[PDB]
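Alright, here's a single protein chain in two forms, structure 1 and structure 2, each given by itself as structure tokens.
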Structure 1
């Protein structure tokens, strides 16, 4: 079950399931990690279970999420994710405040303000996804390791942030199992 370690909260697949299954609105934020693990299909399945529970689901895509422009968009289309449920940062970033949960799967730098300080990086000076504005922020990643930018993400310490350590595909599959 869930336990606190260091300055962060480490939740479990069941915690994630319980929280999202009982939320009214969830915003999914995919990143590099989802591509490494090819978790898009499991992710779309999870969204299906949630929508079946009456939960409102949508996806927020950062301009440089992943490792090529439009990387997340093609992976989501691949998983048969409804095109209308996918939004670019500029048109969904203001919606995080009205969201109960921000499901960040395999993303880091695109939610980190400290990531766009390097002029040699693709994300330099770009806006960031305000996942904090949501009731709860769930991060799926294998550890507390940094992203491409190589900088710490302080969101991992916020009060409304729960870390779900594990492979993006494996963890998402466990969440799906715990849900139905």
Structure 2
């Protein structure tokens, strides 16, 4: 029941498009997709699109997981923001490029009291015009729960490896 898109279809959605928030997570680290991610960010930025990175406190599997890999890939600190700093901006962003994150975006954290993820603060990616998930399959994250964002109109599911997809997304630009 999911709108399953491809590298080509996902690419031009972000081309124009005025504002893009990159939301990286554990799958970005697993794939080592961070050099290819900053490449894409530079392709967006040079055309004139606003690019920023939204980092959840527990993105990845360790404190500062996304920070070290983005620092390796030379993304500058002035474009990287913490949850409480960046959560308002999703309303103004056209796309929420979710690369290997899932639990970090899941609105059951504030909706469903029965879930294990309930009461953890999350990034409000749903408030963006479109939500691009990159993720290999329909499997769960760390918490083991479904994301209701996967199968709602404004979302697009990109079934692939995060480095491979992002490299393939960079082709069409």
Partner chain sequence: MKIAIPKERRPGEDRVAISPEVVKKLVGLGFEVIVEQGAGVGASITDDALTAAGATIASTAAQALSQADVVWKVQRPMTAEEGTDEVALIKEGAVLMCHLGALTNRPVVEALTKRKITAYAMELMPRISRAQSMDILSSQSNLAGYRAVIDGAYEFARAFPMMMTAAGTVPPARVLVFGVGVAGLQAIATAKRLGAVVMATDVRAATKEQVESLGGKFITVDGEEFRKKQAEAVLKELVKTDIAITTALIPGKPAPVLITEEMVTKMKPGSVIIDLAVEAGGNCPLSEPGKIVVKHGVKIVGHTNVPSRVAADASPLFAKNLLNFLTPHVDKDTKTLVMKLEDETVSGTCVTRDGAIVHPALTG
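Positions refer to the first chain, counted from 1. Definition used throughout: the rigid core is the maximal C-alpha set that superposes within 1.5 Å between two forms. Shifts are known only where both forms have a C-alpha.
- The form deposited with the partner chain bound is structure 2, not structure 1.
- Superposing the two forms on their core leaves just one of 58, 38, 121, 146 with a Cα displacement of at least 2 Å between structures 1 and 2, namely 121.
- On rigid-core superposition between structures 1 and 2, the C-alpha of residue 16 is found to move 1.4 angstrom.
- Once the rigid core is aligned, the segment that moves between structures 1 and 2, defined as three or more consecutive common residues whose C-alpha shifts all reach 2 Å, runs 113-126 and is the only one.
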